[PDB]
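J.: Task: produce atomic coordinates for the following.
(2 chains)
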Amino acid sequence: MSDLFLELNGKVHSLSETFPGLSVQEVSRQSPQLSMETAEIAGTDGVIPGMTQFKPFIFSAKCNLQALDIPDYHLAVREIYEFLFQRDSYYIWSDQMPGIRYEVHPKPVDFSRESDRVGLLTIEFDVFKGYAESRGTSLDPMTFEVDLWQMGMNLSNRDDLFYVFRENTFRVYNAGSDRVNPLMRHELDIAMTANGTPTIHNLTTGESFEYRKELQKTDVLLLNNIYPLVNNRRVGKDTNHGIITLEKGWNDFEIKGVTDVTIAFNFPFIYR
Amino acid sequence: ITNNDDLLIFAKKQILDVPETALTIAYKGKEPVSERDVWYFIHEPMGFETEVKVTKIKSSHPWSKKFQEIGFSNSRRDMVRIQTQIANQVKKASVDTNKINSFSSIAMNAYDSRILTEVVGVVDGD
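T.: Residues are numbered from 1 along each chain as shown, chains lettered A, B, ... in the order given. Structure data below:
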């Protein structure tokens, strides 16, 4: 059995459950739209590729609606149109792969009336970020009872994966298919509490974030995307304005200038 | 100036005896170009094999994928440059005439004192 789940206004709605007469036949996903920024020099052969990018793509769901009678059919069509089309983008996922969700916007799709009570539909959701992300962030535990993780999410079956560290040198595993960069509108949060003047170094990437003031254990330093704060107060003037990024796989992190470090990473995995 | 050697060097500075040329290159290489470096230009179909000194750069962002435009031996004509030249010449002429109005008024002012001197001398002579 196939079904489609929609996250809207903080509520999860099953498409089949919401509309009893509507059942999802099949789901499908367009392949990533790779595009190399070609540059052509006249007289030479081929192109000089720039930086490969990914265009928005389409997630499709073929379904059918079976109503009791004609007024019921029209009412169901209107209610489905009301439910699907909202002002802002929402989230969708499928039973087949319940660990991966897409932030999407609906597309105009017309009901194909086959009989007096049945109508075929092929809903298409445009995903504009160009990638899919996990339903849960890195802060969620990798436990069975959380009911969030599934197979095929590049989870390493060779070592434990935790995202809270108590020492000055450790490794963090980004399981996504893209390098997590807040400059690319990626979600990434770091919460560190320690004593002294801190400096975070990502050795594999080679990046370094530097804060130039003394810190106490009671003050939390929070880097969200491209904003560093202490106690939710912007302190960008007192930093080196550097930002760390998470490469694919393992990243070696070293923290200098502080003691009793407690650093936590909170970011979703980027799939495609 | 009064001597002839200064006039000769001034006259030499006053004319241009070579064609006025301006070179523009669309560069799409990996090596960045700074504002001081002198490059070597080789372009057989246009008969170029020389050293070129950068005088103008129109660079894009490193993530913008776009080409770079680099200039040598001054820039193309353009109209806004001509308008700026005309405007600054107009301003210079305006300040010149403003100064010379006061200068002429002083020349009138400097006349009355000498008129008084002439009158006093005429009275003394009588």
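J.: How is the closest residue to residue B:39 other than its chain neighbours assigned, secondary-structure-wise?
T.: What sits nearest to residue B:39 in space, not counting adjacent residues and going by Cβ to Cβ, 6 or more residues apart in numbering or on different chains, is residue B:52, at 5.4 Å. C-beta here means a position set from N, CA and C on the backbone, and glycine is covered the same way. Here residue B:52 takes the strand state, with states given by DSSP: H, G, I helix; E, B strand; the rest coil.
J.: Now for whichever residue of the stretch 151-272 of chain A sits closest to chain B, how many residues are close by?
T.: Using Cβ to the nearest Cβ, the single residue of the stretch 151-272 of chain A nearest to chain B is residue A:183, 9.5 Å away. Burial of residue A:183, expressed as a neighbour count using other Cβ atoms under 10 Å in any protein chain shown, amounts to 10.
J.: so who does it touch?
T.: Shown in contact with residue A:183 (Cβ atoms under 8 Å, 6 or more residues apart in numbering or on different chains): A:226, A:243.
J.: Same question for residue A:23.
T.: Residue A:23 touches A:16, A:63, A:64, A:66, counting by Cβ under 8 Å, 6+ apart.
J.: neighbours of the residue in the stretch 51-200 of chain A that chain B sits nearest to, just the number please.
T.: In the stretch 51-200 of chain A, the residue that lies nearest chain B is residue A:51 (7.0 Å; Cβ to the nearest Cβ). Around residue A:51 there are 9 other residues, counting by other Cβ under 10 Å.
J.: need the contact list for it.
T.: By Cβ under 8 Å, 6+ apart, the neighbours of residue A:51 are A:36, A:37, B:63, B:65.
J.: Most neighbours among the residues you listed, which one is it?
T.: With neighbours defined as other Cβ under 10 Å, the most crowded of the contacts of residue A:51 is residue B:65; it has 17 neighbours.
J.: okay but it is in contact with residue A:50, surely?
T.: Yes - in terms of Cβ atoms under 8 Å, residue B:65 counts as a neighbour of residue A:50; the distance is 4.3 Å.
J.: okay, and the common contacts of those two?
T.: A:37, A:39.
J.: show me where chain B has helices.
T.: Per DSSP state H, chain B carries helices over the ranges B:4-13, B:79-125.
J.: Tell me which of those lies nearest to residue A:230.
T.: helix B:79-125 (48.9 Å; Cβ to Cβ).
J.: now the closest one: how far from the chain's centre is it?
T.: 27 Å (Cα atoms, centre = their mean, to the nearest Å).
J.: quick one on the thing from earlier: return the residues in contact with the residue nearest to residue B:39.
T.: Going by Cβ under 8 Å, 6+ apart, residue B:52 touches B:23, B:25, B:38, B:39, B:40, B:41, B:72.
J.: ok, 6 Å please
T.: Taking Cβ atoms under 6 Å, 6 or more residues apart in numbering or on different chains, we find residue B:52 in contact with B:39, B:41, B:72.
J.: Before I go, just wanted to say thanks for your time.
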